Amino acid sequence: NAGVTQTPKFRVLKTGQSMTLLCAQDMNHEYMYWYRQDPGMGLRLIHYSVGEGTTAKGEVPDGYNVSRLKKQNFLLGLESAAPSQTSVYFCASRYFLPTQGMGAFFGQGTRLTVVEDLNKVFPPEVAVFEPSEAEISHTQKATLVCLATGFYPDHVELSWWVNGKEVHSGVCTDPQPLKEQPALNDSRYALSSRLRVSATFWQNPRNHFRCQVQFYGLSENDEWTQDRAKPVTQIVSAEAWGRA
């Protein structure tokens, strides 16, 4: 199935650093757009393009450049990263002669955080909390809780794995991470999730439960001069085993 795709999906940049975002579509669409969306806000047009080799300014073009190298690709450039550029970026496309009454097809988003001190970047600490015996006795059900804490930036994806297979049934994860210290602009974040199974399934000592948190942090190219382990893109997990 044909759609709009964006690369990369996540990026952490130090102030003054550069990056390129790439948008691609194989729908033969003439119109391509680059938008930014701030938390709990609307999409603002940065730059757009009516066809190959031509571009035009949107509502918020300052600090960004674009190239429409060919019909399929639309590149967004940041020459000197600024904290105000911390946002979620969305590419969009549509035909010159519309099929969906002015509506456009959108990409899935690129999360960018521009940090002032790479020493503030921290991976999550992950812990699993075992089911309550009273819950088991009262409902014949067992809820495990996963907490991912102290991470910065908020670039995380949490998943549950039962006996080595990812599960979706009985899973509930917070839609967004929360700020641990709301009064601080660069506060570290926390995320919670629940996995609910039958009490009998929790009671099988051969059942294995793992909460996993994919974190997007620093890259191999980034410098690191601290005593603690470099906070690279990584998976952090915690685990539990069934109890008879």
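The first residue of the sequence shown is number 1, and the count goes up from there.
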item: Per the entry, higher mean C-alpha B factor between 188-196 and 53-61; value: 53-61
item: Higher-B stretch (mean Cα B-factor, as the entry records it), 87-95 or 115-123; value: 115-123
item: Options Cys211, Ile46, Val66, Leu69 - largest CA temperature factor per the record; value: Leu69
item: Chain thirds of CA B-factor: placement of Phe105; value: middle
item: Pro153, C-alpha B-factor rank within chain (lowest, middle or highest third); value: highest
item: Third of chain Cα B-factors occupied by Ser137; value: highest
item: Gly242 by Cα B-factor - lowest, middle or highest third of the modelled chain; value: middle
item: Chain third (lowest, middle, highest) by recorded CA B-factor, residue given as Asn1; value: highest
